[PDB]
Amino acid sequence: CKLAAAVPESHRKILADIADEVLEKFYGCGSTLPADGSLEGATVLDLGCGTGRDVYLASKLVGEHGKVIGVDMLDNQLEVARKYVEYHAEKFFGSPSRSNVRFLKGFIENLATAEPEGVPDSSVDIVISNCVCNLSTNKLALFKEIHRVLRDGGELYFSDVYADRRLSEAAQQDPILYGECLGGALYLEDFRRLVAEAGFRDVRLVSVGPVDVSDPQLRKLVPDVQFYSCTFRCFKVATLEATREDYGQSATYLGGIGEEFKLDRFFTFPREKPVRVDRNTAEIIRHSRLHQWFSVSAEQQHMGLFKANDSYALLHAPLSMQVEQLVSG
């Protein structure tokens, strides 16, 4: 995969404990994870888990009441993943039989028929993945399958490559672009309509990096296209609306999973300081696992669109203007 991202310090220690073979043969870049504290007790599913680097990492972070599932279709990668279950149970939880992980073989677009067992409806709290979408062009079925396995309050928390415009037919047929995850890149606005068709009505930017195309033969197929690496979080929450409405609410981060909670690029909550929120963000806080570390005030009368944020114009803007402006400048 990419050059991608720097490994956060809290993970470094845990990676030193992970079997060297799992690390050595792992395909692609690490799945990024929500703040570590927020994972305790969660059920996490990694799509495209490979040899299990991210599954084993999460295994420790979710603790013994948490559970982790990895899914993949590369036989060679799973055989490796499957045979370090005990290794890691001992090393994390003092015994070979106390494992909170499992590995499933199947296409990520169809988790219900993955091979030891399927993933049932409404059973996962967090689905993670890094750079898996641009390799299939049935993105839609993949988004609907993630919607299906998530419980209410669950999130798809993921990184992929997107484009600031629609690639040409020629760019989408190119095999070098394809294998770099560029050629299957969605236009951000098409991505937004598509995950909303799958049921995720609200997409929050966590971070964005520029992705460059340098080879001058390649650049000719995608001449003014700007590509981005975006981490988004998309919550499955029954009451989310298409718009960000002010109902007079504020939320207060109570402490206990960091100095401050960073929900997305528009909303940071310093410990014990109330922050005005739109009702979608109130509802995410309330119905997701995050409620344990927050206090959210009651809905008042509808006050119109939410403006009580210092980037409120960008907050309401299409996804490509958010990404474009938050990348740099």
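All residue numbers refer to positions in the sequence shown, first residue = 1. C-alpha atoms forming the largest set that superposes within 1.5 Å between two forms make up the rigid core.
Stretch departing more from the displayed form, 170-178 or 223-231, Cα RMS in 6 other deposited structures of this protein (core fit): Checking 170-178 against 223-231 in 6 other deposited structures of this protein, I find the farther stretch is 170-178.
Higher C-alpha RMS shift from the shown form in 6 other deposited structures of this protein - 13-21 or 301-309, rigid core fit: It is 13-21 whose C-alphas lie farther from the shown form in 6 other deposited structures of this protein.
Given 80-88 and 149-157, the range whose Cα B-factors average higher in the PDB entry: On average, C-alpha B-factors are higher across 80-88.
Between 113-121 and 234-242 (mean CA B-factor, as deposited), the higher: Comparing 113-121 with 234-242, the higher mean C-alpha B-factor belongs to 113-121.
Of the residues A171, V71, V213, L142, the one carrying the largest Cα B-factor as recorded: Highest C-alpha B-factor among the listed residues goes to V213.
Peak C-alpha temperature factor (PDB record), options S207, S129, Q249, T137: Highest C-alpha B-factor among the listed residues goes to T137.
B-factor third for the C-alpha atom of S320 within its chain: Middle third by C-alpha B-factor.
Position of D54 among the chain's modelled residues by C-alpha B-factor, lowest, middle or highest third: Middle third - that is where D54 ends up once the chain's C-alpha B-factors are sorted.
Cα B factor band for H287 (lowest, middle or highest third within the chain): Lowest third - that is where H287 ends up once the chain's C-alpha B-factors are sorted.
Chain thirds of CA B-factor: placement of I257: For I257, the deposited C-alpha B-factor lands in the highest third.
CA B-factor placement of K13, once the chain's modelled residues are sorted into thirds: For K13, whose C-alpha B-factor we compare with every modelled residue in the chain, the answer is the highest third.
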